[PDB]
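Asker: Need a 3D model of the following:
(chains A, B, C, D and E, ligands or ions: 1)
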Amino acid sequence: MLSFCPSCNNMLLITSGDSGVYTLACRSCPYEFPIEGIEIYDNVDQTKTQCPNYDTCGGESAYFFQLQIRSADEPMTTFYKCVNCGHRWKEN
Amino acid sequence: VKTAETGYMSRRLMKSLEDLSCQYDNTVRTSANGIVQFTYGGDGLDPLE
Amino acid sequence: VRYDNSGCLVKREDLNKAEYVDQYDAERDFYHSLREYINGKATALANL
Amino acid sequence: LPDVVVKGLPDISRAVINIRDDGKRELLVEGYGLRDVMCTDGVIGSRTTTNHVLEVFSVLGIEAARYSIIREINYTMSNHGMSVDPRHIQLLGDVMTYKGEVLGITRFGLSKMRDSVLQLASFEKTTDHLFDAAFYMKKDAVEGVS
Amino acid sequence: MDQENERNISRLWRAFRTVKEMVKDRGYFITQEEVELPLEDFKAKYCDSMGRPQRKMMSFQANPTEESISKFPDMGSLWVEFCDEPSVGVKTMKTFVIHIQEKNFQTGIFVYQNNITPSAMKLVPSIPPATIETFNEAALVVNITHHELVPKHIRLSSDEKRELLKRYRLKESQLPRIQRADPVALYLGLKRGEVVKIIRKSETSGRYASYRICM
Ligand SMILES: [Zn+2]
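Answerer: Numbers count the residues shown, from 1 in each chain, chains lettered A, B, ... in the order given. Take a look:
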């Protein structure tokens, strides 16, 4: 977490406190650190079907797409798109 | 630099295939008289002629 | 001629099938292509 | 933590999607994977190709590997220039493969078939072959040219 | 997960295709409908109504036919069973041996699940009149002989053998060899000293043949 302790100013390492508490203190120097710790580092096509997407939607109209996937004997997978929301959908 | 490298390749490639011939049985055989191939190139015709 | 498998002649059919495949096949195709080449020149005289 | 694999294999260094033939499309992959990416669903594995023939021997083996090694040798040598002819190539790949395993031309791999100690101590070796043949009390014969 | 599970049932289904067409070219008797089925009939047969497939019920039996028992005088029907758990060891292999004991035949073959350990290696290859075979589910998806470069490998009897040696007048062995435990070798289950005729096609004169024995 890369912290430090004023005065001596070396480093702060987490040490296990007795009976339930987790603390941290500077090495070789007396100190105690209370608080919460934190760190962070970083269209023409149309078809007729029922739309599963529901807010007010309940849309009748939809889009579809066709391609052959996986094995030759494996059936066709279709891709549905909705007019109102513009949601992509996929099922075989 | 390429001049010195020229000799090594052909040499080591030779010493493997060095002993081989074609008998009157039309089969190309080795020094141990083991048959590596029944007919040369699957044809038996020489690219020289 | 023809030799089927081991010590047996073939009959009338496998000539086209040719799953037995003895060697000398290079000798047959040479005579074949040579014959059909003359045919191509012969059939050219036909249209002419 | 921000390392470990979520999906895919532990092989490929990278892949590429390229335009195949005239107008068609396909991909080429760099890795040792082979069968696993062939077993990988979504692609037809019937017609494929792979380099470093030795590993092709670990899957298809023998014949198919011999057919592949004469395929690459012919290719790369048909570009830069001249011609080596089809005949001389097939014999090179056959004498390597015929034993049932791909090996040869190197001192570690040149001891496979030949039992002649003098020609092997000729090409490359000095001390070992002379003492080894004496230890095991080998005999062999004087046959070959060298 | 519905997604990845259906990937595996399609795997096993195509894996069932592999072991099927494999038992056919050995000379054993099946039909074109046996190796050819869509996903429909597969889901009915070996998969429950709950949606989860099964294991042990996939086991079947097949025999040879006509020339298979003529060409090769010594042979017969075999018995194939499947595995259960990814962990090997004795377990069901005991009764598997027992199954081979009273039911005789030739070679019990079983497709693995995931891992192999020396436990199951306790005794694999002893049923002294016969033997067995080991196959991994992973390695088996599509057939290798049908793939690209691998040509047709034709196994022949002892008859054709001695005649082939009477052609060029040769002592035995000494021919171009073929290793065993080779994925193609073990595929057809070749024993010691078995010649297999190979028809290969490359372009010079085109089609030509060569012989390779099995060490
Ligand atoms: Zn401090």
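Asker: CA atoms for contacts and neighbours, from now on please.
Answerer: Fine.
Asker: Leaving out sequence neighbours, find the closest residue to the closest residue to chain D within chain A.
Answerer: Going by C-alpha to the nearest C-alpha, chain D is nearest to residue A:70 of chain A, at 3.7 Å. Of all residues not flanking residue A:70 in the chain, residue D:42 sits nearest, at 3.7 Å (C-alpha to C-alpha, 6 or more residues apart in numbering or on different chains).
Asker: for that neighbour, helix, strand, or coil?
Answerer: coil (DSSP: H, G, I helix; E, B strand; the rest coil).
Asker: tell me the contacts of it?
Answerer: A:69, A:70, A:71 (C-alpha atoms under 8 Å, 6 or more residues apart in numbering or on different chains).
Asker: Would you mind putting the residues you listed into CSV with secondary structure and neighbour count alongside?
Answerer: Formatted as CSV, these follow (DSSP: H, G, I helix; E, B strand; the rest coil; neighbours: other C-alpha atoms under 10 Å in any protein chain shown):
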residue, secondary structure, neighbour count
A:69, coil, 16
A:70, coil, 16
A:71, coil, 14
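Asker: and for the helix or strand in which residue E:4 is found, what are the contacting residues?
Answerer: Following DSSP states H and E, one finds residue E:4 within helix E:2-24. Here helix E:2-24 makes contact (C-alpha under 8 Å, 6+ apart) with E:30, E:34-36, E:39, E:42, E:53, E:137, E:140-143, E:187.
Asker: same thing with stretch B:6-16?
Answerer: So stretch B:6-16 is in contact with D:104, D:105, D:106, D:110, D:123, going by C-alpha under 8 Å, 6+ apart.
Asker: To which secondary structure element type does the residue nearest to the third one when sequence neighbours are not counted belong?
Answerer: Counting by C-alpha to C-alpha, 6+ apart, the nearest residue to residue D:106 once its immediate chain neighbours are dropped is residue B:12, at 7.6 Å. Using three-state DSSP, the structure places residue B:12 in helix.
Asker: swap in residue D:138?
Answerer: Applying three-state DSSP: residue D:138 is coil.
Asker: For it, grab the count of nearby residues.
Answerer: 12 (other C-alpha atoms under 10 Å in any protein chain shown).
Asker: ok, now residue D:7?
Answerer: Every residue meeting other C-alpha under 10 Å relative to residue D:7 is counted, giving 6.
Asker: Phi, psi for it please.
Answerer: phi -150, psi 180 (degrees, to the nearest 10).
Asker: The one 3 residues further on too?
Answerer: Reported as degrees, to the nearest 10, the phi and psi values for residue D:10 are phi -100, psi 50.
Asker: now residue A:59
Answerer: According to degrees, to the nearest 10, residue A:59 has phi -70, psi 140.
Asker: Out of the contacts of stretch B:6-16, which is nearest to residue A:24?
Answerer: residue D:106 (62.4 Å; C-alpha to C-alpha).
Asker: Tell me how many other residues crowd the closest one.
Answerer: 13.
Asker: for it, helix, strand, or coil?
Answerer: Residue D:106 ends up coil, using three-state DSSP.
Asker: circling back: only alpha carbons, please: show the helix holding residue E:4 as CSV.
Answerer: Provided in CSV are the C-alpha atoms of helix E:2-24 (Å, rounded to 0.1, in the frame of the first residue of the first chain):
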residue,chain,number,x,y,z
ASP,E,2,-26.0,-24.3,-20.2
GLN,E,3,-23.5,-22.9,-22.7
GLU,E,4,-20.4,-24.8,-21.9
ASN,E,5,-22.3,-28.0,-21.1
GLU,E,6,-23.9,-28.1,-24.5
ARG,E,7,-20.3,-27.7,-25.9
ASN,E,8,-19.4,-30.9,-24.1
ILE,E,9,-22.5,-32.9,-25.2
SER,E,10,-21.7,-31.9,-28.8
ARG,E,11,-18.1,-33.0,-28.1
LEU,E,12,-19.1,-36.4,-26.7
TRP,E,13,-21.6,-36.8,-29.5
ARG,E,14,-18.9,-36.2,-32.2
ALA,E,15,-16.7,-38.3,-30.0
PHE,E,16,-19.3,-41.1,-30.3
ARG,E,17,-19.1,-40.6,-34.1
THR,E,18,-15.3,-41.1,-34.0
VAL,E,19,-15.3,-44.4,-32.1
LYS,E,20,-18.2,-45.6,-34.2
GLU,E,21,-16.7,-45.2,-37.7
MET,E,22,-13.5,-46.5,-36.2
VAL,E,23,-15.0,-49.9,-35.4
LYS,E,24,-16.3,-50.2,-38.9
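Asker: next one: the next helix or strand after that helix to chain centre, how far?
Answerer: Next helix or strand after helix E:2-24 toward the C-terminus (DSSP H and E): helix E:32-35. Mean C-alpha position of helix E:32-35 versus that of the full chain (C-alpha atoms, centre = their mean, to the nearest Å) differs by 16 Å.
Asker: buried residues in helix E:32-35?
Answerer: For helix E:32-35, burial by neighbour count (16 or more other C-alpha atoms under 10 Å in any protein chain shown) applies to residue E:35.
Asker: Over to stretch E:46-60?
Answerer: Those would be E:46, E:47, E:53, for stretch E:46-60 by 16+ other C-alpha under 10 Å.
Asker: and residue D:14, what does it touch?
Answerer: So residue D:14 contacts D:29, D:30 (C-alpha under 8 Å, 6+ apart).
Asker: quick one: terminal-to-terminal distance for stretch E:150-161?
Answerer: 23 Å (C-alpha to C-alpha, to the nearest Å).
Asker: roughly how far apart are residue A:27 and residue A:1?
Answerer: Where residue A:1 is concerned, residue A:27 sits at a distance of 15 Å (C-alpha to C-alpha).
Asker: got it, and residue E:207?
Answerer: 71 Å.
Asker: So which of those two has more stuff around it?
Answerer: residue E:207 (15 against 11).
Asker: Report the spatially nearest residue to that one, omitting neighbours in sequence.
Answerer: That would be residue E:201: by C-alpha to C-alpha, 6+ apart, it lies 4.6 Å from residue E:207.
Asker: ok so, going back, biggest separation within the contacts of helix E:2-24, which pair?
Answerer: Most distant of the contacts of helix E:2-24, by C-alpha to C-alpha, are E:53 and E:187, 26.5 Å apart.
Asker: and the helix holding residue E:4, which residues are buried?
Answerer: Those would be E:9-19, E:21-24, for helix E:2-24 by 16+ other C-alpha under 10 Å.
Asker: swap in stretch E:75-84?
Answerer: E:76, E:78, E:79, E:80, E:81, E:82, E:83.
Asker: hmm, back to that, the residue nearest to residue E:207 against residue E:208, yeah?
Answerer: Yes: Residue E:201 is within contact range of residue E:208, at 6.4 Å (criterion: C-alpha atoms under 8 Å).
Asker: who's more crowded, these two?
Answerer: residue E:208 (22 against 17).
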